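One-letter residues, chain by chain:
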Amino acid sequence: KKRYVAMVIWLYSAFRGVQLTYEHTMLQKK
């Protein structure tokens, strides 16, 4: 039952890098 360990952190530190550098000013009318 190791479903929540390899597919939980692999993205926790992969998507965050995108939802912050290209979200600060993109679809928020700056």
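These lines cover the structure that appears in this document, whether it is placed above or below.

About the cut-offs
- Residues numbered from 1 in each chain as written, not as in the entry; some residues may be left out.
- Heavy atoms only, no water.
- Helix = DSSP H or I, 4+ residues; strand = E, 2+ residues; numbered from the N terminus.
- Buried < 20%, exposed > 50% of the residue type's maximum accessible area, 1.4 Å probe, protein only.
- Areas by Shrake-Rupley, 256 points an atom, 1.4 Å probe, with all protein chains shown as cover.

1. Some remarks on the overall build of the protein
- Per the secondary structure count, the protein includes one helix and zero strands.
- Overall, the C-alpha framework of the protein stretches about 45 × 10 × 5 Å when taken along its three principal axes.
- Counting across all 30 residues of the protein, residues that qualify as buried make up 0%.
- Of the roughly 3,700 Å² that the protein leaves accessible, carbon and sulfur atoms contribute 62%.

2. As for unusual backbone geometry
- Positive phi, close to 55°, is recorded for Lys29, a residue that is not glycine.
- In this structure, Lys29 sits in the segment after helix 1 (3–6).
- Residue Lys29 is classed as exposed on the basis of its relative accessible area of 82%.
- Located in the positive-phi region is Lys30, a residue other than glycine, with phi close to 50°.

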